[PDB]
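**Q** Contents of work-v9.cif (mmCIF, N, CA, C and O atoms):
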```cif
data_run
#
loop_
_atom_site.label_atom_id
_atom_site.label_comp_id
_atom_site.auth_asym_id
_atom_site.auth_seq_id
_atom_site.Cartn_x
_atom_site.Cartn_y
_atom_site.Cartn_z
N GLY A 1 -19.09 -25.05 26.07
CA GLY A 1 -18.75 -23.60 26.05
C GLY A 1 -17.88 -23.37 24.83
O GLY A 1 -17.52 -24.33 24.11
N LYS A 2 -17.61 -22.11 24.57
CA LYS A 2 -16.72 -21.75 23.43
C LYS A 2 -15.43 -21.08 23.95
O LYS A 2 -15.48 -20.12 24.69
N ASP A 3 -14.31 -21.61 23.48
CA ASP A 3 -13.00 -20.98 23.60
C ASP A 3 -12.51 -20.77 22.16
O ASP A 3 -13.00 -21.46 21.22
N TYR A 4 -11.49 -19.93 21.98
CA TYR A 4 -10.96 -19.63 20.66
C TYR A 4 -9.45 -19.72 20.69
O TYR A 4 -8.79 -19.24 21.66
N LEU A 5 -8.91 -20.29 19.63
CA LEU A 5 -7.45 -20.30 19.39
C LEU A 5 -7.24 -19.47 18.12
O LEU A 5 -7.91 -19.66 17.08
N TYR A 6 -6.36 -18.48 18.20
CA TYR A 6 -6.11 -17.59 17.11
C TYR A 6 -4.69 -17.83 16.61
O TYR A 6 -3.76 -17.92 17.41
N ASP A 7 -4.52 -17.85 15.29
CA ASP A 7 -3.18 -17.95 14.67
C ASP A 7 -3.03 -16.71 13.78
O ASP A 7 -3.72 -16.61 12.73
N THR A 8 -2.11 -15.83 14.13
CA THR A 8 -1.94 -14.55 13.42
C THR A 8 -0.58 -14.51 12.77
O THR A 8 0.46 -14.80 13.43
N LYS A 9 -0.53 -14.17 11.49
CA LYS A 9 0.72 -13.94 10.78
C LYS A 9 0.92 -12.46 10.55
O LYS A 9 -0.01 -11.76 10.08
N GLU A 10 2.12 -11.95 10.88
CA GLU A 10 2.48 -10.59 10.60
C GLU A 10 3.74 -10.54 9.75
O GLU A 10 4.68 -11.29 9.99
N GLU A 11 3.75 -9.67 8.74
CA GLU A 11 4.94 -9.38 7.96
C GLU A 11 5.43 -8.04 8.51
O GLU A 11 4.72 -6.99 8.36
N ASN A 12 6.62 -8.02 9.12
CA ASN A 12 7.05 -6.82 9.82
C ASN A 12 5.98 -6.32 10.75
O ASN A 12 5.46 -7.14 11.50
N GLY A 13 5.56 -5.06 10.67
CA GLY A 13 4.59 -4.56 11.58
C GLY A 13 3.11 -4.80 11.30
O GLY A 13 2.28 -4.23 12.04
N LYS A 14 2.79 -5.48 10.21
CA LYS A 14 1.39 -5.55 9.74
C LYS A 14 0.88 -6.98 9.78
O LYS A 14 1.51 -7.93 9.31
N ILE A 15 -0.33 -7.11 10.34
CA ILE A 15 -1.06 -8.38 10.22
C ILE A 15 -1.44 -8.66 8.79
O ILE A 15 -2.08 -7.82 8.12
N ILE A 16 -1.07 -9.83 8.29
CA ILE A 16 -1.42 -10.27 6.95
C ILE A 16 -2.51 -11.31 6.94
O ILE A 16 -3.31 -11.38 5.98
N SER A 17 -2.59 -12.15 7.96
CA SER A 17 -3.66 -13.13 8.06
C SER A 17 -3.93 -13.48 9.51
O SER A 17 -3.07 -13.39 10.38
N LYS A 18 -5.16 -13.90 9.76
CA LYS A 18 -5.55 -14.38 11.08
C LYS A 18 -6.53 -15.54 10.86
O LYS A 18 -7.55 -15.35 10.15
N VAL A 19 -6.27 -16.67 11.50
CA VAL A 19 -7.18 -17.82 11.52
C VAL A 19 -7.76 -17.97 12.89
O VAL A 19 -7.03 -17.96 13.90
N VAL A 20 -9.08 -18.16 12.95
CA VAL A 20 -9.79 -18.41 14.20
C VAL A 20 -10.24 -19.85 14.22
O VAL A 20 -10.93 -20.30 13.28
N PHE A 21 -9.84 -20.57 15.26
CA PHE A 21 -10.29 -21.92 15.56
C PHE A 21 -11.29 -21.88 16.72
O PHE A 21 -11.05 -21.21 17.75
N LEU A 22 -12.43 -22.53 16.53
CA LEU A 22 -13.41 -22.72 17.60
C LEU A 22 -13.13 -24.00 18.37
O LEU A 22 -13.02 -25.10 17.81
N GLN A 23 -13.00 -23.86 19.68
CA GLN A 23 -12.81 -24.96 20.62
C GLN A 23 -14.12 -25.11 21.40
O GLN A 23 -14.52 -24.18 22.12
N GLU A 24 -14.79 -26.26 21.21
CA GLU A 24 -16.11 -26.40 21.83
C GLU A 24 -16.30 -27.85 22.20
O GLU A 24 -16.16 -28.70 21.35
N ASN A 25 -16.64 -28.09 23.46
CA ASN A 25 -16.87 -29.44 23.96
C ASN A 25 -15.79 -30.43 23.57
O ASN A 25 -16.10 -31.58 23.20
N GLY A 26 -14.54 -30.00 23.68
CA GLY A 26 -13.38 -30.84 23.40
C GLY A 26 -13.01 -30.98 21.91
O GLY A 26 -12.03 -31.66 21.59
N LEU A 27 -13.79 -30.37 21.03
CA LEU A 27 -13.52 -30.40 19.59
C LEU A 27 -12.76 -29.13 19.17
O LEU A 27 -12.85 -28.07 19.86
N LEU A 28 -12.05 -29.22 18.06
CA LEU A 28 -11.25 -28.09 17.51
C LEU A 28 -11.54 -28.00 16.03
O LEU A 28 -11.33 -29.00 15.30
N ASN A 29 -12.08 -26.86 15.59
CA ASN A 29 -12.45 -26.70 14.18
C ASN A 29 -12.10 -25.33 13.69
O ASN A 29 -12.36 -24.32 14.34
N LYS A 30 -11.59 -25.27 12.48
CA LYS A 30 -11.40 -24.00 11.81
C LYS A 30 -12.70 -23.30 11.62
O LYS A 30 -13.72 -23.88 11.14
N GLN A 31 -12.75 -22.03 11.99
CA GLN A 31 -13.97 -21.25 11.84
C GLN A 31 -13.89 -20.23 10.72
O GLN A 31 -14.78 -20.17 9.86
N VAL A 32 -12.88 -19.36 10.73
CA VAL A 32 -12.79 -18.31 9.74
C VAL A 32 -11.33 -17.93 9.56
O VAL A 32 -10.56 -18.03 10.52
N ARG A 33 -10.96 -17.50 8.36
CA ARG A 33 -9.65 -16.97 8.02
C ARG A 33 -9.83 -15.58 7.42
O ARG A 33 -10.65 -15.37 6.57
N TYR A 34 -9.04 -14.63 7.93
CA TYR A 34 -9.05 -13.26 7.45
C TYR A 34 -7.70 -12.98 6.78
O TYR A 34 -6.63 -13.38 7.28
N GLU A 35 -7.72 -12.27 5.67
CA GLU A 35 -6.50 -11.79 4.99
C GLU A 35 -6.65 -10.30 4.80
O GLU A 35 -7.74 -9.81 4.46
N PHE A 36 -5.55 -9.58 4.96
CA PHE A 36 -5.56 -8.10 4.97
C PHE A 36 -4.59 -7.56 3.95
O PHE A 36 -3.46 -8.04 3.80
N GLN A 37 -5.03 -6.51 3.30
CA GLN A 37 -4.16 -5.70 2.45
C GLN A 37 -4.23 -4.24 2.91
O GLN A 37 -5.14 -3.82 3.60
N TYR A 38 -3.18 -3.47 2.53
CA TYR A 38 -2.95 -2.13 3.08
C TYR A 38 -2.78 -1.09 1.96
O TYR A 38 -2.27 -1.41 0.90
N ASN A 39 -3.27 0.13 2.25
CA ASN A 39 -3.04 1.27 1.34
C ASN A 39 -1.65 1.88 1.55
O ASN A 39 -0.88 1.45 2.44
N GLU A 40 -1.33 2.90 0.74
CA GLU A 40 0.00 3.53 0.78
C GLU A 40 0.28 4.22 2.11
O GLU A 40 1.44 4.48 2.45
N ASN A 41 -0.75 4.54 2.89
CA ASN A 41 -0.58 5.10 4.20
C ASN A 41 -0.43 4.08 5.31
O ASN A 41 -0.36 4.43 6.50
N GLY A 42 -0.47 2.80 4.94
CA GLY A 42 -0.27 1.76 5.93
C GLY A 42 -1.53 1.41 6.70
O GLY A 42 -1.46 0.74 7.73
N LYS A 43 -2.68 1.85 6.21
CA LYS A 43 -3.95 1.49 6.80
C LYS A 43 -4.64 0.36 5.99
O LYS A 43 -4.46 0.24 4.79
N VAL A 44 -5.46 -0.42 6.68
CA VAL A 44 -6.09 -1.54 5.99
C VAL A 44 -7.01 -1.05 4.87
O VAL A 44 -7.85 -0.18 5.10
N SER A 45 -6.83 -1.58 3.70
CA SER A 45 -7.61 -1.21 2.51
C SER A 45 -8.61 -2.29 2.12
O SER A 45 -9.65 -2.00 1.53
N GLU A 46 -8.32 -3.55 2.49
CA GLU A 46 -9.16 -4.65 2.13
C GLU A 46 -9.03 -5.77 3.17
O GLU A 46 -7.92 -6.06 3.61
N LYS A 47 -10.17 -6.34 3.55
CA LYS A 47 -10.25 -7.50 4.45
C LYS A 47 -11.06 -8.55 3.71
O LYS A 47 -12.20 -8.29 3.31
N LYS A 48 -10.51 -9.73 3.52
CA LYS A 48 -11.23 -10.88 2.97
C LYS A 48 -11.40 -11.92 4.04
O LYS A 48 -10.46 -12.19 4.79
N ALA A 49 -12.59 -12.47 4.14
CA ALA A 49 -12.92 -13.50 5.10
C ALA A 49 -13.22 -14.78 4.30
O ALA A 49 -13.97 -14.71 3.27
N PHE A 50 -12.69 -15.91 4.76
CA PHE A 50 -12.89 -17.22 4.17
C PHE A 50 -13.54 -18.14 5.18
O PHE A 50 -13.20 -18.12 6.38
N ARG A 51 -14.44 -19.00 4.70
CA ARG A 51 -15.04 -20.06 5.51
C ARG A 51 -14.24 -21.36 5.24
O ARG A 51 -13.61 -21.53 4.18
N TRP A 52 -14.30 -22.26 6.19
CA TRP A 52 -13.62 -23.56 6.07
C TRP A 52 -14.66 -24.54 5.56
O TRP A 52 -15.63 -24.90 6.25
N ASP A 53 -14.44 -25.02 4.34
CA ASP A 53 -15.33 -26.05 3.77
C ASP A 53 -14.85 -27.44 4.19
O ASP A 53 -13.78 -27.90 3.84
N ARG A 54 -15.65 -28.09 5.03
CA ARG A 54 -15.26 -29.38 5.62
C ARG A 54 -15.48 -30.53 4.64
O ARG A 54 -14.86 -31.58 4.83
N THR A 55 -16.31 -30.33 3.64
CA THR A 55 -16.51 -31.36 2.57
C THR A 55 -15.24 -31.57 1.77
O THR A 55 -14.81 -32.72 1.50
N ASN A 56 -14.54 -30.48 1.47
CA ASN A 56 -13.30 -30.58 0.73
C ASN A 56 -12.00 -30.23 1.48
O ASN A 56 -10.93 -30.36 0.88
N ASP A 57 -12.09 -29.74 2.76
CA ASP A 57 -10.96 -29.17 3.61
C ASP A 57 -10.17 -28.07 2.87
O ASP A 57 -9.00 -28.21 2.50
N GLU A 58 -10.86 -26.97 2.67
CA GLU A 58 -10.29 -25.86 1.94
C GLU A 58 -10.95 -24.55 2.42
O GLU A 58 -12.13 -24.54 2.79
N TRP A 59 -10.17 -23.49 2.37
CA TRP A 59 -10.71 -22.16 2.57
C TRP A 59 -11.43 -21.70 1.31
O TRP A 59 -10.85 -21.75 0.19
N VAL A 60 -12.66 -21.21 1.47
CA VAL A 60 -13.48 -20.72 0.37
C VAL A 60 -13.85 -19.25 0.72
O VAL A 60 -14.26 -18.96 1.84
N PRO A 61 -13.72 -18.35 -0.26
CA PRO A 61 -14.08 -16.96 0.04
C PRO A 61 -15.51 -16.82 0.49
O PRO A 61 -16.42 -17.54 -0.01
N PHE A 62 -15.75 -15.91 1.45
CA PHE A 62 -17.01 -15.68 2.06
C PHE A 62 -17.48 -14.23 1.90
O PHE A 62 -18.58 -13.98 1.37
N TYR A 63 -16.65 -13.27 2.30
CA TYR A 63 -16.93 -11.85 2.09
C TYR A 63 -15.69 -11.06 1.96
O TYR A 63 -14.58 -11.52 2.28
N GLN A 64 -15.84 -9.83 1.49
CA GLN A 64 -14.74 -8.91 1.26
C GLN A 64 -15.21 -7.51 1.69
O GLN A 64 -16.31 -7.10 1.30
N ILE A 65 -14.41 -6.82 2.50
CA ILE A 65 -14.73 -5.43 2.85
C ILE A 65 -13.58 -4.56 2.36
O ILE A 65 -12.40 -4.92 2.50
N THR A 66 -13.91 -3.40 1.76
CA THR A 66 -12.91 -2.39 1.44
C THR A 66 -13.16 -1.12 2.26
O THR A 66 -14.27 -0.87 2.71
N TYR A 67 -12.08 -0.43 2.54
CA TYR A 67 -12.07 0.70 3.55
C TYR A 67 -11.51 1.95 2.90
O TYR A 67 -10.49 1.92 2.26
N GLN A 68 -12.26 3.05 3.08
CA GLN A 68 -11.83 4.40 2.65
C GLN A 68 -11.81 5.37 3.84
O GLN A 68 -12.65 5.32 4.72
N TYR A 69 -10.76 6.20 3.86
CA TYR A 69 -10.40 7.06 4.98
C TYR A 69 -10.51 8.54 4.57
O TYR A 69 -10.18 8.89 3.44
N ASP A 70 -10.89 9.35 5.52
CA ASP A 70 -11.13 10.80 5.29
C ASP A 70 -10.38 11.56 6.39
O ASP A 70 -10.46 11.18 7.56
N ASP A 71 -9.67 12.63 6.01
CA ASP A 71 -8.89 13.46 6.96
C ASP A 71 -9.71 13.98 8.15
O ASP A 71 -9.35 13.78 9.31
N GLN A 72 -10.85 14.61 7.85
CA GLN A 72 -11.57 15.41 8.84
C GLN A 72 -12.82 14.73 9.44
O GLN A 72 -13.47 15.28 10.32
N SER A 73 -13.17 13.53 8.97
CA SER A 73 -14.48 12.98 9.30
C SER A 73 -14.54 12.22 10.61
O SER A 73 -15.62 12.04 11.18
N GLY A 74 -13.41 11.67 11.03
CA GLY A 74 -13.41 10.73 12.16
C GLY A 74 -14.12 9.41 11.86
O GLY A 74 -14.53 8.70 12.78
N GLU A 75 -14.30 9.12 10.57
CA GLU A 75 -15.14 7.99 10.13
C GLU A 75 -14.41 7.20 9.02
O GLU A 75 -13.66 7.74 8.23
N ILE A 76 -14.59 5.90 9.08
CA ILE A 76 -14.11 5.02 8.03
C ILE A 76 -15.32 4.52 7.21
O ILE A 76 -16.26 4.00 7.78
N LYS A 77 -15.26 4.68 5.91
CA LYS A 77 -16.31 4.24 4.99
C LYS A 77 -15.99 2.82 4.51
O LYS A 77 -14.90 2.60 3.97
N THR A 78 -16.89 1.91 4.76
CA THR A 78 -16.69 0.49 4.41
C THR A 78 -17.70 0.01 3.40
O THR A 78 -18.88 0.39 3.43
N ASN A 79 -17.22 -0.82 2.46
CA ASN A 79 -18.05 -1.41 1.41
C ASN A 79 -17.86 -2.93 1.48
O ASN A 79 -16.72 -3.41 1.38
N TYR A 80 -18.96 -3.62 1.72
CA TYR A 80 -18.96 -5.05 1.98
C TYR A 80 -19.67 -5.74 0.83
O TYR A 80 -20.71 -5.27 0.35
N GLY A 81 -19.17 -6.91 0.45
CA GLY A 81 -19.86 -7.78 -0.51
C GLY A 81 -19.59 -9.23 -0.19
O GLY A 81 -18.51 -9.53 0.30
N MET A 82 -20.57 -10.11 -0.42
CA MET A 82 -20.44 -11.55 -0.23
C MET A 82 -19.99 -12.20 -1.53
O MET A 82 -20.38 -11.80 -2.64
N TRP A 83 -19.21 -13.27 -1.37
CA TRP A 83 -18.77 -14.08 -2.52
C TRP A 83 -19.96 -14.75 -3.22
O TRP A 83 -20.78 -15.37 -2.60
N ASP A 84 -19.99 -14.56 -4.52
CA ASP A 84 -20.94 -15.21 -5.43
C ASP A 84 -20.18 -16.36 -6.12
O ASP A 84 -19.26 -16.12 -6.88
N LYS A 85 -20.52 -17.57 -5.74
CA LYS A 85 -19.79 -18.78 -6.17
C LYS A 85 -19.91 -19.06 -7.68
O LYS A 85 -19.06 -19.73 -8.23
N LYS A 86 -20.92 -18.49 -8.33
CA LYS A 86 -21.04 -18.61 -9.78
C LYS A 86 -20.24 -17.54 -10.51
O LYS A 86 -19.45 -17.83 -11.41
N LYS A 87 -20.43 -16.28 -10.11
CA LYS A 87 -19.71 -15.16 -10.71
C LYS A 87 -18.24 -14.99 -10.35
O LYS A 87 -17.47 -14.29 -11.03
N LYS A 88 -17.81 -15.61 -9.24
CA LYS A 88 -16.45 -15.52 -8.79
C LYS A 88 -16.04 -14.07 -8.48
O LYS A 88 -14.92 -13.66 -8.75
N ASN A 89 -16.95 -13.39 -7.79
CA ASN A 89 -16.67 -12.06 -7.30
C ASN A 89 -17.46 -11.82 -6.03
O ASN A 89 -18.18 -12.71 -5.53
N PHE A 90 -17.29 -10.62 -5.47
CA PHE A 90 -17.97 -10.25 -4.22
C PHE A 90 -19.19 -9.33 -4.46
O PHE A 90 -19.39 -8.33 -3.78
N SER A 91 -20.06 -9.76 -5.39
CA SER A 91 -21.19 -8.92 -5.80
C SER A 91 -22.51 -9.20 -5.12
O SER A 91 -23.54 -8.57 -5.45
N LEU A 92 -22.56 -10.11 -4.15
CA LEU A 92 -23.81 -10.44 -3.49
C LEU A 92 -24.00 -9.64 -2.22
O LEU A 92 -23.08 -9.46 -1.44
N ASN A 93 -25.21 -9.12 -2.03
CA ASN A 93 -25.61 -8.46 -0.80
C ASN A 93 -24.70 -7.29 -0.45
O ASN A 93 -24.27 -7.18 0.68
N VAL A 94 -24.37 -6.47 -1.44
CA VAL A 94 -23.42 -5.36 -1.24
C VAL A 94 -24.05 -4.32 -0.32
O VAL A 94 -25.27 -4.00 -0.44
N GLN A 95 -23.27 -3.83 0.63
CA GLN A 95 -23.78 -2.84 1.58
C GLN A 95 -22.64 -1.94 2.02
O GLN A 95 -21.47 -2.31 1.98
N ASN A 96 -22.98 -0.71 2.35
CA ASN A 96 -22.03 0.24 2.87
C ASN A 96 -22.30 0.51 4.32
O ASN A 96 -23.45 0.58 4.72
N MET A 97 -21.25 0.71 5.10
CA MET A 97 -21.42 1.11 6.49
C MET A 97 -20.22 1.92 6.99
O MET A 97 -19.12 1.79 6.50
N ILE A 98 -20.47 2.72 8.02
CA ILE A 98 -19.45 3.61 8.60
C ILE A 98 -18.98 3.05 9.93
O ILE A 98 -19.79 2.58 10.72
N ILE A 99 -17.68 3.07 10.16
CA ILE A 99 -17.07 2.66 11.41
C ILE A 99 -16.45 3.95 11.99
O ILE A 99 -15.76 4.67 11.27
N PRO A 100 -16.66 4.24 13.28
CA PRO A 100 -15.85 5.36 13.80
C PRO A 100 -14.36 5.04 13.77
O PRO A 100 -13.96 3.89 14.05
N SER A 101 -13.53 6.03 13.48
CA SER A 101 -12.09 5.87 13.43
C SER A 101 -11.50 5.30 14.72
O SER A 101 -10.47 4.58 14.69
N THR A 102 -12.15 5.59 15.85
CA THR A 102 -11.67 5.09 17.15
C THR A 102 -11.77 3.55 17.25
O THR A 102 -11.15 2.98 18.12
N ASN A 103 -12.60 2.93 16.41
CA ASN A 103 -12.72 1.47 16.40
C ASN A 103 -11.84 0.79 15.36
O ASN A 103 -12.06 -0.38 15.05
N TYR A 104 -10.89 1.52 14.80
CA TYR A 104 -9.99 1.00 13.71
C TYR A 104 -9.42 -0.37 14.04
O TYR A 104 -9.47 -1.28 13.20
N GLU A 105 -8.90 -0.55 15.25
CA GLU A 105 -8.26 -1.82 15.58
C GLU A 105 -9.20 -3.03 15.55
O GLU A 105 -8.75 -4.17 15.40
N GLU A 106 -10.49 -2.81 15.67
CA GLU A 106 -11.42 -3.90 15.61
C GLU A 106 -11.57 -4.44 14.21
O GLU A 106 -12.11 -5.56 14.04
N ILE A 107 -11.02 -3.76 13.20
CA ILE A 107 -10.98 -4.33 11.85
C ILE A 107 -10.21 -5.67 11.80
O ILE A 107 -10.51 -6.53 10.99
N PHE A 108 -9.23 -5.82 12.68
CA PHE A 108 -8.41 -7.00 12.69
C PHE A 108 -9.02 -8.18 13.31
O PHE A 108 -8.38 -9.25 13.23
N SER A 109 -10.21 -8.04 13.89
CA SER A 109 -10.93 -9.16 14.54
C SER A 109 -10.01 -9.83 15.58
O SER A 109 -9.14 -9.12 16.16
#
```
Using the file provided, produce a representation of the structure as structure tokens.

**A**
Amino acid sequence: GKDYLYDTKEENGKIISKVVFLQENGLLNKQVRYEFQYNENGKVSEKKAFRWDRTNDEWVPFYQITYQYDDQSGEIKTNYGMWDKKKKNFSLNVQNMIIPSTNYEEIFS
């Protein structure tokens, strides 16, 4: 079965990072690391996700989402890109999607 151990760092009131460990059949492995940055209004502006590379034991960038907010829309506009290991940017498989504002807290995984 799957259980999860979460390690969350907060600076004052804001989550800055979260690591998810997968617990499965008595094993414990790093699964994903999230890092968060915030706009001037204190809302999340950027989420970066890292994979755990077991060949080298290091966090490697995986994807990046940026978030834009609108007064009247009730909607958050998100722009996602995957890490391109040659270009060293998030230019692969770029896609846009809308999150309802009511699901804001789910950004923190």

**Q** How would you write, as a list in words, the residues chosen by the PyMOL selection byres (((chain A and resi 52 and name CA) around 10) and name CA) on this structure?

**A**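 Selection result, ordered by chain and number: residues 29, 30, 31, 32, 33, 50, 51, 53, 54, 55, 56, 57, 58, 59, 60, 61 and 62 of chain A.
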
**Q** Using the chain letters and numbers from the file, give me the residues hit by the PyMOL selection byres ((chain A and resi 89-99) around 4.5), as a PDB file with N, CA, C and O atoms, in the coordinates of the input.

**A**
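Writing done, so here's selection_24.pdb:
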```pdb
ATOM      1  N   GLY A  74     -13.410  11.670  11.030  1.00  0.00           N
ATOM      2  CA  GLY A  74     -13.410  10.730  12.160  1.00  0.00           C
ATOM      3  C   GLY A  74     -14.120   9.410  11.860  1.00  0.00           C
ATOM      4  O   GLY A  74     -14.530   8.700  12.780  1.00  0.00           O
ATOM      5  N   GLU A  75     -14.300   9.120  10.570  1.00  0.00           N
ATOM      6  CA  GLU A  75     -15.140   7.990  10.130  1.00  0.00           C
ATOM      7  C   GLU A  75     -14.410   7.200   9.020  1.00  0.00           C
ATOM      8  O   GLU A  75     -13.660   7.740   8.230  1.00  0.00           O
ATOM      9  N   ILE A  76     -14.590   5.900   9.080  1.00  0.00           N
ATOM     10  CA  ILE A  76     -14.110   5.020   8.030  1.00  0.00           C
ATOM     11  C   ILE A  76     -15.320   4.520   7.210  1.00  0.00           C
ATOM     12  O   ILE A  76     -16.260   4.000   7.780  1.00  0.00           O
ATOM     13  N   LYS A  77     -15.260   4.680   5.910  1.00  0.00           N
ATOM     14  CA  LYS A  77     -16.310   4.240   4.990  1.00  0.00           C
ATOM     15  C   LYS A  77     -15.990   2.820   4.510  1.00  0.00           C
ATOM     16  O   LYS A  77     -14.900   2.600   3.970  1.00  0.00           O
ATOM     17  N   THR A  78     -16.890   1.910   4.760  1.00  0.00           N
ATOM     18  CA  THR A  78     -16.690   0.490   4.410  1.00  0.00           C
ATOM     19  C   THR A  78     -17.700   0.010   3.400  1.00  0.00           C
ATOM     20  O   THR A  78     -18.880   0.390   3.430  1.00  0.00           O
ATOM     21  N   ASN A  79     -17.220  -0.820   2.460  1.00  0.00           N
ATOM     22  CA  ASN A  79     -18.050  -1.410   1.410  1.00  0.00           C
ATOM     23  C   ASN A  79     -17.860  -2.930   1.480  1.00  0.00           C
ATOM     24  O   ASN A  79     -16.720  -3.410   1.380  1.00  0.00           O
ATOM     25  N   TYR A  80     -18.960  -3.620   1.720  1.00  0.00           N
ATOM     26  CA  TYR A  80     -18.960  -5.050   1.980  1.00  0.00           C
ATOM     27  C   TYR A  80     -19.670  -5.740   0.830  1.00  0.00           C
ATOM     28  O   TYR A  80     -20.710  -5.270   0.350  1.00  0.00           O
ATOM     29  N   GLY A  81     -19.170  -6.910   0.450  1.00  0.00           N
ATOM     30  CA  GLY A  81     -19.860  -7.780  -0.510  1.00  0.00           C
ATOM     31  C   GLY A  81     -19.590  -9.230  -0.190  1.00  0.00           C
ATOM     32  O   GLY A  81     -18.510  -9.530   0.300  1.00  0.00           O
ATOM     33  N   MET A  82     -20.570 -10.110  -0.420  1.00  0.00           N
ATOM     34  CA  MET A  82     -20.440 -11.550  -0.230  1.00  0.00           C
ATOM     35  C   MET A  82     -19.990 -12.200  -1.530  1.00  0.00           C
ATOM     36  O   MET A  82     -20.380 -11.800  -2.640  1.00  0.00           O
ATOM     37  N   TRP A  83     -19.210 -13.270  -1.370  1.00  0.00           N
ATOM     38  CA  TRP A  83     -18.770 -14.080  -2.520  1.00  0.00           C
ATOM     39  C   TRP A  83     -19.960 -14.750  -3.220  1.00  0.00           C
ATOM     40  O   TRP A  83     -20.780 -15.370  -2.600  1.00  0.00           O
ATOM     41  N   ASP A  84     -19.990 -14.560  -4.520  1.00  0.00           N
ATOM     42  CA  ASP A  84     -20.940 -15.210  -5.430  1.00  0.00           C
ATOM     43  C   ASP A  84     -20.180 -16.360  -6.120  1.00  0.00           C
ATOM     44  O   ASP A  84     -19.260 -16.120  -6.880  1.00  0.00           O
ATOM     45  N   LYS A  87     -20.430 -16.280 -10.110  1.00  0.00           N
ATOM     46  CA  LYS A  87     -19.710 -15.160 -10.710  1.00  0.00           C
ATOM     47  C   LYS A  87     -18.240 -14.990 -10.350  1.00  0.00           C
ATOM     48  O   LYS A  87     -17.470 -14.290 -11.030  1.00  0.00           O
ATOM     49  N   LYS A  88     -17.810 -15.610  -9.240  1.00  0.00           N
ATOM     50  CA  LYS A  88     -16.450 -15.520  -8.790  1.00  0.00           C
ATOM     51  C   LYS A  88     -16.040 -14.070  -8.480  1.00  0.00           C
ATOM     52  O   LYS A  88     -14.920 -13.660  -8.750  1.00  0.00           O
ATOM     53  N   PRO A 100     -16.660   4.240  13.280  1.00  0.00           N
ATOM     54  CA  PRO A 100     -15.850   5.360  13.800  1.00  0.00           C
ATOM     55  C   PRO A 100     -14.360   5.040  13.770  1.00  0.00           C
ATOM     56  O   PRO A 100     -13.960   3.890  14.050  1.00  0.00           O
ATOM     57  N   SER A 101     -13.530   6.030  13.480  1.00  0.00           N
ATOM     58  CA  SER A 101     -12.090   5.870  13.430  1.00  0.00           C
ATOM     59  C   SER A 101     -11.500   5.300  14.720  1.00  0.00           C
ATOM     60  O   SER A 101     -10.470   4.580  14.690  1.00  0.00           O
TER      61      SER A 101
END
```

**Q** To one decimal place in Å, what is the distance between atom N of residue 19 in chain A and atom C of residue 64 in chain A?

**A**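 If I compute the distance from atom N of residue 19 in chain A to atom C of residue 64 in chain A, I get 16.1 Å.
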
**Q** Check the smallest atom-to-atom distance from each of A:72, A:12, A:23, A:45 to residue 104 in chain A using only C-alpha atoms, then report the winner.

**A**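 Under the stated criterion, the closest residue is A:45.
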
**Q** I'd like the interatomic distance between CA of residue 24 in chain A and CA of residue 108 in chain A, to a tenth of an Å.

**A**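 A separation of 22.8 Å between them.
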
**Q** Could you pull the residues within 6 Å of residue 7 in chain A, counting only N, CA, C and O atoms, minus those fewer than 3 positions along the same chain, as an MDAnalysis selection string?

**A** chainID A and resid 17:21

**Q** I'd like the contact shell of residue 16 in chain A - 4.5 Å cut-off, all atoms listed in the file, skipping same-chain residues fewer than 3 positions apart - returned as a PyMOL selection string.

**A** chain A and resi 9-10+34-36

**Q** Could you give me, as number ranges by chain, each residue of chain A that DSSP assigns to helix (DSSP H, G or I) when run on this structure's backbone?

**A** A: 101-108

**Q** Would you return as an MDAnalysis selection string the members of chain A that DSSP assigns to strand (DSSP E) on this structure's backbone?

**A** chainID A and resid 2:11 14:24 27:38 44:53 58:69 75:84 89:100

**Q** Measure the distance from atom N of residue 66 in chain A to CA of residue 46 in chain A in Å and round it to one decimal.

**A**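 So the two atoms, atom N of residue 66 in chain A and CA of residue 46 in chain A, lie 4.9 Å apart.
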
**Q** Decode the PyMOL selection byres (((chain A and resi 25 and name CA) around 12) and name CA) for the given file into explicit residues and return them as a list in words.

**A**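 Applied to this file, the PyMOL selection byres (((chain A and resi 25 and name CA) around 12) and name CA) selects residues 1, 2, 3, 4, 22, 23, 24, 26, 27, 28 and 29 of chain A.
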